Amino acid sequence: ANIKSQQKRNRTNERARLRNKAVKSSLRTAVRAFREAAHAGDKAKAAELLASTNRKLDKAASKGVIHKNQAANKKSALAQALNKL
Amino acid sequence: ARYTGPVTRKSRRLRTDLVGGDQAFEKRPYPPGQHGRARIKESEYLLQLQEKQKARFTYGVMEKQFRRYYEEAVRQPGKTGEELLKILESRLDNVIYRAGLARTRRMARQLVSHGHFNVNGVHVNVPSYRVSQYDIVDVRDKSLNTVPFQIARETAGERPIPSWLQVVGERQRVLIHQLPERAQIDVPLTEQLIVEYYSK
Amino acid sequence: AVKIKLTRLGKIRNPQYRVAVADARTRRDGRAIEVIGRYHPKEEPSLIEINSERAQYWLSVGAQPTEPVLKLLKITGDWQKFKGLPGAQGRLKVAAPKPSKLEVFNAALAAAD
RNA sequence: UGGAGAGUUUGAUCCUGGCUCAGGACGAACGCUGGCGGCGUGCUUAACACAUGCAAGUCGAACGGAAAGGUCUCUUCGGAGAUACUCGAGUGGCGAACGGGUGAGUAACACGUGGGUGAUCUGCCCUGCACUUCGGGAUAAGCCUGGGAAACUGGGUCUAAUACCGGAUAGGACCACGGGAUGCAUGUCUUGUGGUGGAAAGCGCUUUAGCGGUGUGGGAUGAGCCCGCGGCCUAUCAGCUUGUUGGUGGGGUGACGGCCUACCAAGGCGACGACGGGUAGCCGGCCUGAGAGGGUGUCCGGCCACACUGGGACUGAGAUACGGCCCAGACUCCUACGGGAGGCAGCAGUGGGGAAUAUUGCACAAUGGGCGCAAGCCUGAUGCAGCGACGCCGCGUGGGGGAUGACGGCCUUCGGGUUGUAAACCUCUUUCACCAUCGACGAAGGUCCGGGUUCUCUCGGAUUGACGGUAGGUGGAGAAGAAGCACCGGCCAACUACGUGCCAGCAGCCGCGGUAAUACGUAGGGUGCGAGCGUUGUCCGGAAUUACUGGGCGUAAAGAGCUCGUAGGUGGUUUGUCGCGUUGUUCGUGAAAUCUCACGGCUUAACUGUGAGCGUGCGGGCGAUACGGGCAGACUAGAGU
Ligand SMILES: [Mg+2]
Ligand SMILES: [Mg+2]
Ligand SMILES: [Mg+2]
Ligand SMILES: [Mg+2]
Ligand SMILES: [Mg+2]
Ligand SMILES: [Mg+2]
Ligand SMILES: [Mg+2]
Ligand SMILES: [Mg+2]
Ligand SMILES: [Mg+2]
Ligand SMILES: [Mg+2]
Ligand SMILES: [Mg+2]
Ligand SMILES: [Mg+2]
Ligand SMILES: [Mg+2]
Ligand SMILES: [Mg+2]
Ligand SMILES: [Mg+2]
Ligand SMILES: [Mg+2]
Ligand SMILES: [Mg+2]
Ligand SMILES: [Mg+2]
Ligand SMILES: [Mg+2]
Ligand SMILES: [Mg+2]
Ligand SMILES: [Mg+2]
Ligand SMILES: [Mg+2]
Ligand SMILES: [Mg+2]
Ligand SMILES: [Mg+2]
Ligand SMILES: [Mg+2]
Ligand SMILES: [Mg+2]
Ligand SMILES: [Mg+2]
Ligand SMILES: [Mg+2]
Ligand SMILES: [Mg+2]
Ligand SMILES: [Mg+2]
Ligand SMILES: [Mg+2]
Ligand SMILES: [Mg+2]
Ligand SMILES: [Mg+2]
Ligand SMILES: [Mg+2]
Ligand SMILES: [Mg+2]
Ligand SMILES: [Mg+2]
Ligand SMILES: [Mg+2]
Ligand SMILES: [Mg+2]
Ligand SMILES: [Mg+2]
Ligand SMILES: [Mg+2]
Ligand SMILES: [Mg+2]
Ligand SMILES: [Mg+2]
Ligand SMILES: [Mg+2]
Ligand SMILES: [Mg+2]
Ligand SMILES: [Mg+2]
Ligand SMILES: [Mg+2]
Ligand SMILES: [Mg+2]
Ligand SMILES: [Mg+2]
Ligand SMILES: [Mg+2]
Ligand SMILES: [Mg+2]
Ligand SMILES: [Mg+2]
Ligand SMILES: [Mg+2]
Ligand SMILES: [Mg+2]
């Protein structure tokens, strides 16, 4: 890079990439553990991992990681995947 | 630009006394050149060209400038030959001529060109300044007590003042009541042949 | 943001300006959203007109004037009546009416006769 | 309110019918020539390769700090203390997605116009509302060291924050059940109970300086996606299509959706031109034309697409990410051979290609933009200047008298004629350039110093303009410094002489020249035009020679060898209805510039500003039913039995 403020911003992009990669990857495991609970047919852990997965999706939406409309799509899918059981 | 040449030679060819009065013309009222005595061929294009060549060297207007006068004369409502000379009579050096502040058409142009006239207290030096209704055309302060201007004070009788302008006394300032319509134009040219020239 | 700005649209040495409710992400002579006045800084006072009931619309909804337009809205009293300042009257001055084309022409008749 | 023709088929004529010319225009080039000013405008070819400088930063009123400047003090005669105005490097915030450039790609929802979004997003700005609360661990910088030729990079200690991380409460996050409004099928908005949940940040003050933080109701702006209709050539391209076309369950996205996936169903497109080939950015507009049309997309303005070629993402409200990242490829340069760096289709500029297109200019004064409380800093955007008659417009190169019509020139029926009032001479006026001299409007602003509390505001001053000692004003000397170019057989304005003899050569047409050439070369004269004039190229006109306006087919080019028949086009008489075609009105839109009309400002004009038209169309409301059509009938004359 050539402009002084683009060497400065190439470093601040790489921190925010490593920050957002770790937060998004935590949501894929917390969705998965609900999927492996609801597909087994427990209704015990899945009703108390629904409260904890949806609570992480809202916190990533306030940290500027996913969008507020994306949190509202994944929470409504998993809450409707509890009432099937 | 300007022609700046023999003024009789381009009045012999058109067969019409353009400048007012000539003794060089009417001694040879036939067209110039070494073949100046033979008869001409009656073409329809010649009678429309040499009618437009009248209007240029009468007023000292060039072809690229005279053509623009046609382009708005044909565009104003009314007629076309009427409004061609209407926007041609209102040139400032023509107003100085008809007011009698000169003798010929060329000397009425240098008096406008060399800065001897204001209009509304505005120092003009353009010959093609089209005056309008109510335009006073005054004269400069330095222009008085000068030889070619006070020659135009005792010679205020030999040519009439047209009905559309009006000259006043010891303050030589020319007042314009309205634009000239048709009848108070001096007519050496017919007007329905310049109109038929540019339609070719 | 929404910027009320000036737009250069005269000759080379004669900058006739307009007053245009434009966007900040826009060049000068782009699409205005509503042209609400003109400003001619070559006359002897100057020539200033603001619509004064549409400039009250854009100020009441969030337009930000640029710094020479902020001077002009204080002159025509449209800035003061939006805020609540005491100077709600117009401190704008217009040029003096010159004697017209007909009245000077008739007066030159009676001066010679 | 606006329409012109002429030459050439024949011994002659009238037709048909080509070809050719007279007009206008240009981002032009070329030839000859060249005075000035105003105002526009200038790589059309190689989206070819690029040396050098510049084109995006800012904030100490977010934070730790002290390399530079300035001080208080202290010491040495050149060392200290960040605490102290200020500030290199560094962390953090916002900007860097705008602004500028280019037209390679795209026949497409890319663009134009009109609608949809009950299928969406929207930083900074405005406004209504609640809130700003507990804590926690690090690292850049610093310092000490390791690796590397460089570009850069490892490790240990150490310091913050509005950087980062974890809790509390806070409805427009979600699930289930309701109520009340609505409609256009999914539904949408407003509410209620119950169950789960989601925020933040402080800094500064000559003490009412002041700036901020988060979550939400609503506006404003910008954007996404989808649809009707419209704008090229080709059938010597007629079968294309399998995530293709539709459904369900999930995934996905800001959002609907085969966008993705699994299974099921067998579709979808096409002679109203699908699939394919060729070419092309589109539009406002521009040039032409009486108009209808035809050609075009250059300056300026809107939109799209791309940034050395191909692909991919990250950050973020927002990404084709020109002056970011990663990878592969081609080409240039460095190397210690292990490895590294680079992208002018930004502004000037260089090479190359070409018939052809400019300065390595000045300045933030103005307007626009970025950050900052602000002062300011940044801005090759921009405002202007340089060069080229490149175009348009304006003005000069003298004027008033003046025959002895002088010399000279050419022609001469040898008498004269003509250049020619043109020169000579006399006389007058200085526009432009020239010399000297005063010298701006663009600046009711941008800053400092006083009354004003604050915001605001004059009474009122200092200084502040790149253009520029310019534009313009005043004064001086003298006609003084300044004209060309093509054409002259007809079309087509305008003719004689001599030289040359089918030679030299001319020409757009068809023709000219073979010993008296108005057609070739010179001279005199003429004519058109004028700082320009001619040629070449390209486009429209004339061309009613693609004919809607506005043509034809026995013999001139032109009726299929004849019938039957599918799609299509068109339809007798008459009653009722619908109101799609048609038509009236009204509202919304048809951006600004351009164009026409009316006036105003530049000394006029070009140029420019303002008002009204134009914007042929399209969308919503409300009228009309004569005609065309739809629907429900009737009749018998066409047609058939
Ligand atoms: Mg920074
Ligand atoms: Mg994992
Ligand atoms: Mg979903
Ligand atoms: Mg001219
Ligand atoms: Mg024949
Ligand atoms: Mg013949
Ligand atoms: Mg030339
Ligand atoms: Mg030359
Ligand atoms: Mg120029
Ligand atoms: Mg190019
Ligand atoms: Mg290149
Ligand atoms: Mg610093
Ligand atoms: Mg800030
Ligand atoms: Mg960009
Ligand atoms: Mg270009
Ligand atoms: Mg610490
Ligand atoms: Mg909570
Ligand atoms: Mg917290
Ligand atoms: Mg499948
Ligand atoms: Mg679905
Ligand atoms: Mg599906
Ligand atoms: Mg192309
Ligand atoms: Mg025609
Ligand atoms: Mg363009
Ligand atoms: Mg993102
Ligand atoms: Mg960038
Ligand atoms: Mg670049
Ligand atoms: Mg360049
Ligand atoms: Mg070359
Ligand atoms: Mg500036
Ligand atoms: Mg500024
Ligand atoms: Mg010039
Ligand atoms: Mg003078
Ligand atoms: Mg002739
Ligand atoms: Mg001879
Ligand atoms: Mg000859
Ligand atoms: Mg030609
Ligand atoms: Mg033609
Ligand atoms: Mg035609
Ligand atoms: Mg015919
Ligand atoms: Mg027939
Ligand atoms: Mg025959
Ligand atoms: Mg035949
Ligand atoms: Mg037959
Ligand atoms: Mg049929
Ligand atoms: Mg039918
Ligand atoms: Mg019928
Ligand atoms: Mg006008
Ligand atoms: Mg005027
Ligand atoms: Mg105009
Ligand atoms: Mg318009
Ligand atoms: Mg209607
Ligand atoms: Mg019968």
Side-chain angles (χ1 to χ4, degrees), chain A residues 1-6 9-10 12-14 16-17 19-20 50-51 54-55 57-59 61-62 67-73 75-76 79-80 82-83, chain B residues 1-2 4-9 24 32-36 43 45-46 49-50 62-64 74-75 77 103-104 106-107 110-111 113-116 119 122-130 146-148 199-200, chain C residues 1-2 5-17 23-33 35 38 40-42 45-46 48 58 60-64 66 68 71 74-75 80 83 85-87 91-93:
Chain A
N2 289 311
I3 306 299
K4 180 70 171 65
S5 294
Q6 194 66 252
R9 180 76 77 170
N10 284 326
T12 63
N13 288 322
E14 289 292 326
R17 187 185 66 83
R19 180 179 298 117
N20 284 319
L50 186 68
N54 294 327
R55 190 253 189 183
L57 292 168
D58 288 329
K59 289 176 72 68
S62 66
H67 197 270
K68 288 184 180 180
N69 285 313
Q70 180 173 358
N73 287 320
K75 294 195 294 183
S76 179
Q80 288 177 357
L82 182 68
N83 293 322
Chain B
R2 294 180 67 245
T4 70
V7 73
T8 303
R9 176 174 162 180
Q34 192 260 324
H35 301 96
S43 178
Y45 180 70
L46 186 64
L49 175 63
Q50 288 184 356
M62 290 295 173
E63 178 66 27
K64 288 196 289 183
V74 76
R75 201 177 68 194
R103 178 74 270 174
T104 62
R106 287 186 177 182
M107 68 170 289
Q110 277 192 355
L111 294 179
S113 174
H114 292 291
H116 299 287
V119 279
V122 175
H123 174 72
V124 297
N125 55 2
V126 287
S128 63
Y129 183 82
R130 290 187 291 168
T146 314
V147 176
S199 297
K200 186 261 291 180
Chain C
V2 175
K5 66 176 76 175
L6 298 176
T7 303
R8 167 70 175 269
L9 48 94
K11 286 177 68 177
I12 176 167
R13 274 76 172 266
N14 296 110
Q16 306 279 319
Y17 295 102
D23 195 2
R25 300 285 178 86
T26 301
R27 50 184 291 163
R28 274 196 281 106
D29 48 355
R31 289 180 68 94
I33 305 167
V35 175
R38 56 172 178 169
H40 298 168
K42 296 297 291 291
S46 293
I48 296 169
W58 293 104
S60 67
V61 81
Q64 295 296 114
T66 66
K71 298 284 104 174
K74 297 179 193 296
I75 290 172
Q80 287 86 13
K83 295 276 98 177
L85 268 292
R91 63 178 175 90
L92 77 164
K93 62 183 178 68

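Labels below follow one simple rule: chain letters A, B, ... track the order of the sequence lines, proteins then strands, and each chain is numbered from 1. When reading the values below, keep in mind they use all heavy atoms of this one structure, side chains included, and skip hydrogens, waters and symmetry mates.
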Does a side-chain N or O from [X] land closer than 4.0 Å to OP1 or OP2 of [N], or not?
X      : N       : answer
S43(B) : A493(D) : yes
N20(A) : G316(D) : yes
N69(A) : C121(D) : yes
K5(C)  : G369(D) : yes
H67(A) : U120(D) : no
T4(B)  : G398(D) : no
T7(C)  : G368(D) : no
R2(B)  : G394(D) : no

Please report the sugar pucker of [N] as north or south based on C1'-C2'-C3'-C4'.
N       : result
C109(D) : south
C165(D) : north
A47(D)  : south
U625(D) : south

Would you call [N] syn or anti, using the 90° rule around 0?
N       : answer
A97(D)  : syn
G349(D) : anti
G258(D) : syn
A592(D) : anti
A290(D) : anti

Base, backbone or nothing for each nucleotide of [range], written B, S, -, heavy atoms under 4.0 angstrom, 5' to 3'?
range                          : result
nucleotides 88-98 of chain D   : --SSB-BBB-S
nucleotides 162-167 of chain D : --SSSS
nucleotides 414-437 of chain D : ---SSSSSS-----SSSB------
nucleotides 441-456 of chain D : BS-BSS--------BS

Whole-Å gap separating [atom2] ([N]) and [atom1] ([X]):
X      : N       : atom1 : atom2 : value
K64(B) : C395(D) : NZ    : P     : 12 Å
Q70(A) : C174(D) : CD    : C1'   : 15 Å
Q16(C) : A592(D) : CD    : P     : 19 Å
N10(A) : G323(D) : CG    : P     : 11 Å
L6(C)  : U367(D) : CG    : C1'   : 7 Å
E14(A) : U315(D) : CD    : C1'   : 9 Å
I12(C) : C607(D) : CD1   : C1'   : 11 Å
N73(A) : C175(D) : CG    : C1'   : 15 Å

Flag side-chain contact, heavy atom, 4.5 Å: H116(B) against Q110(B):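 Not in contact.
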
Any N125(B) side-chain heavy atom under 4.5 Å of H114(B) side chain: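 In short, these two side chains do not touch, never coming nearer than 4.5 Å.
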
Of the nucleotides [options], which one has an atom closest to the side chain of [X]?
X      : options                   : result
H35(B) : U603(D), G524(D), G368(D) : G524(D)
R38(C) : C124(D), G400(D), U610(D) : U610(D)
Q64(C) : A493(D), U315(D), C125(D) : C125(D)

Value rounded to 0.5 Å, distance of CD in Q16(C) from NZ in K42(C):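 Here the rounded value is 8.0 Å.
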
Spacing of CG belonging to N14(C) relative to CZ belonging to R8(C), to within rounding of 0.5 Å: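 If we round to the nearest 0.5 Å, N14(C):CG and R8(C):CZ are 8.5 Å apart.
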
Test salt bridge (charged side-chain N to carboxylate O under 4.0 Å, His left out) applied to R38(C) - qualifying residues, sequence neighbours left out: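 Residues passing salt bridge (charged side-chain N to carboxylate O under 4.0 Å, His left out) with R38(C): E49(C).
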
Set of residues satisfying salt bridge (charged side-chain N to carboxylate O under 4.0 Å, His left out) with respect to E63(B), sequence neighbours excluded: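 For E63(B), the residues satisfying salt bridge (charged side-chain N to carboxylate O under 4.0 Å, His left out) (neighbours in sequence not counted) are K52(B), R56(B).
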
Considering every strand shown, what is the Watson-Crick or G-U wobble mate of [N] when both distances are under 3.5 Å?
N       : result
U261(D) : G249(D)
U522(D) : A497(D)
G324(D) : none

Spacing of the [atom1] atoms in [M] and [N] (rounded, Å):
N       : M       : atom1 : value
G35(D)  : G343(D) : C1'   : 50 Å
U367(D) : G210(D) : P     : 28 Å
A381(D) : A348(D) : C1'   : 16 Å
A6(D)   : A22(D)  : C1'   : 8 Å
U52(D)  : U359(D) : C1'   : 15 Å

Nearest non-hydrogen partners of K93(C) and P45(C), listed with the distance: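 Where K93(C) meets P45(C) most closely, the heavy atoms are NZ-CB, 3.4 Å.
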
Are the six-membered base rings of [N] and [M] less than 5.5 Å apart at their centres, with planes tilted under 30 degrees?
N       : M       : result
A67(D)  : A68(D)  : yes
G541(D) : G542(D) : yes
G267(D) : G268(D) : yes
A531(D) : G532(D) : no
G239(D) : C240(D) : yes

Residue pair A104(D) and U44(D), Watson-Crick or G-U wobble, under 3.5 Å both: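 Verdict: no pairing.
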
Base pair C362(D)/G383(D) (Watson-Crick or G-U, both distances under 3.5 Å):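 Under the 3.5 Å cut-off on both distances, the two nucleotides are paired.
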
Sugar-phosphate, base or nothing in reach of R8(C), heavy atoms under 4.0 Å: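 Here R8(C) touches the backbone only, sparing every base.
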
Sugar-phosphate only, base, or nothing, as touched by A71(A) at under 4.0 Å among non-hydrogen atoms: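 Since no nucleic acid heavy atom lies under 4.0 Å of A71(A), the category is nothing.
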
Sidechain-backbone polar pair: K5(C) side chain, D23(C) backbone, donor-acceptor under 3.5 Å: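 At least one qualifying donor-acceptor pair exists.
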
